[PDB]
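Both blocks below hold the same protein chain, though in two forms, and each is given as structure tokens: structure 1 and structure 2.
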Structure 1
């Protein structure tokens, strides 16, 4: 009964995902100083911090989920936008990593703009404002759930996993990450990863056509809305590679 029992788990993953969701229109309504350009700037910095510290692949997108949700409830100053991003990484690393990021090392990554007494005092303010709803559903959760249903070899599962995890990181820097739920971001990353990087001819045990129809059936978005999410991703990959 793996067919129903896996939808039993997936139904619960989609229902809990609908709670830890930000509003896409907080730039116009909530924030005054913060602009959509300034979010990509602080998100790129948070990504590099997790790159250098060899963080768990889940830490950076989880920290951005905290950032979008806090910006959906409270206005933050332009100067304090970086302080907010450091606090989000401080909590996300606690949730996923064995040994989290030290608050001192996070302040060093801010070029010592903030102090550890300011990060800890922001930790209480951030967690209280998020109603302690920190166990948010992540794109990595759905990715690992989708792979368990794909009958690909483990060597190909791990290369699909790496490319999909990479596509999720590029999404977190774009404003598409705000409106799209983690189910879409995860599925769009997988279908963009199973096409490879146009490096070789795609040879896979489960057909790409069957995989798109399967993912678009369970996460509930028609193939026209799934390929649109994939084309945005490959556009983010194009924009990422161009800025180099």
Structure 2
């Protein structure tokens, strides 16, 4: 968001405002959905992440597409048979928003083994955009990560390692119901925290921003520092079950 000066934090405050306008409902599985359950969301979400990984999508595509998914699911009941169709349409719109070369309707259907069809996708897209009222320019955890990182006296080699670990934590959250309860800022902060801490632990004179990072980002975020704490620990828990997704086979 490119000012003409340098007299013109004012940016971050804006990011925080935007994200508030794109929050899903925490109680949508109860109050809105009759068939769709969290474990199905998990399934579609892990599908969506493998597609982004396989296609080497811009990092933001997966979290943005989940924001879409949780948002729609907050407004419309969906049949569990249509969930995959919804997830693919969310990726389709998220890709259009964030990629120089977006995913094609056809390529996405290929990832469904052609269980869904382009015209189905094209029809869902209009439903989805209209329902979100075309407010598609949502914040992602990645937006905040990079912002936080620009405030941190970390060498670029440090930052890149932090970035890599933190993006992993985000993708983990996005598959989980937590992505529904916590705004992108919170999610980005917990992941940054979990990242910088784990890193510092293995390199004590390095990644020094770990010290009181929770309160710090809490202040930057304007959240509750114990909410961030819970968040981070939920992230660390979620990663410690990544050795079950590794040996679920």
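Positions refer to the first chain, counted from 1. Heads up, when I say rigid core I mean the largest set of C-alphas that superpose within 1.5 Å between the two forms.
Participant: Given a cut-off of 2 Å on Cα movement between the two structures, rigid core as reference, pick the single residue from 197, 41, 35, 175 that exceeds or meets it.
Facilitator: C-alpha shift of at least 2 Å: 197.
Participant: Once the core is aligned, does residue 53 move its Cα by at least 2 Å between the two structures?
Facilitator: Result for residue 53: no, shift under 2 Å.
Participant: Core-aligned, is the CA shift for residue 221 between the two structures 2 angstroms or more?
Facilitator: Yes, its C-alpha moves 2 Å or more.
Participant: For residue 16, tell me the Cα shift between the two structures once the rigid core is superposed, in Å to one decimal.
Facilitator: C-alpha shift for residue 16: 1.2 Å.
Participant: After lining up the core, report the Cα displacement of residue 86 between the two structures in Å, one decimal place.
Facilitator: C-alpha displacement of residue 86 between the two structures: 0.3 Å.
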